């Protein structure tokens, strides 16, 4: 977590055009959270002294949610509005408009569309920054395909010189594969000063935040880039292709953590587990399964195949097979499926049975009660050990 007097700016003002969506980019959803929700969670964990989200384009619709999140995380989150889209640098300049004019602390600039960004990466950033006592630290990474991203230019001694954006690069600089991750740490005084000197001269007619690296190099200040090996943690999201690739890479990591904690997952590539889901030891998840939202599964269960559960509580030793359910509970040792539909409000007691072609809506089903097949049970209370 964070030394000491630290302020983090989350930049979320972009137009998000390439998503091709009426829903603002950062609100696009991923393993149970919006990209923005992930990024604010990761950041809050470190507990900066300040947390500033720069909203732009769609602030109207994003703002409410930041405050919604601000409460959840029991912490204050500031919102700065960038008026004109006059570039990422201007965005930072807007961010700063929300700290006192003489905040002495370090500044960490990150983005709203890097949902994989984690605690360690961020920490390491400050550790390096303070250690090498840098005026700026920028996180980089090496990609197989560097299109869209800005390129890190280095002389022979591996020393940083400047960052040149996709649009502005020569065709030879496009062959460069080391990219700007868009996560920074700044000496605050050394930042303000550098932003004052940015020109919109070339070539998206804009004020580039990247331009700062070359300015400060010329200033005579110490300019460190820190290479992040695991690109995933630092990858951005501009289109729905990247959104899916990252949804995939995060899922893989969520499943792995469950596997390493005692859950058999027969097919990780087709088992989808949202971030809040809990699962007990020696549970088996068969292929084609989504466990979404607040779903908790106990130990020694069998879930799947083809099972989707949103906000479902599942006891120990239950079996939930080919079921589509939500906002329900399933008791210890209960048997549900195949081809069962649990609508919200279904509470099925321990060792209850819900068989094939059974739909339950808003019903309490007592301990040991069987509903064997082809039945709708809606808005009803059923006693224990009965038979429907």
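Residue numbers count along the first chain shown, from 1.
In this entry, 376-384 has the higher mean Cα B-factor, the comparison being between 9-17 and 376-384. Here 254-262 and 135-143 are compared by their mean Cα B-factor, and 135-143 comes out higher. Listed residues 62, 53, 320, 31 were ranked by CA B-factor as deposited; 62 comes out on top. Comparing the C-alpha B-factors of 274, 157, 78, 282 in the entry, the top value falls on 78.
Annotation for residue 112: CA B-factor lies in the middle third of the chain's modelled residues.
In the PDB entry, residue 208 places in the highest third of its chain by CA B-factor. Placement of the Cα temperature factor of residue 97 within the chain: middle third of the modelled residues, per the deposited record.
The deposited CA B-factor of residue 179 belongs to the lowest third of values across its chain. For residue 40, the recorded CA B-factor ranks within the lowest third of the chain. Only modelled residues enter the ranking.
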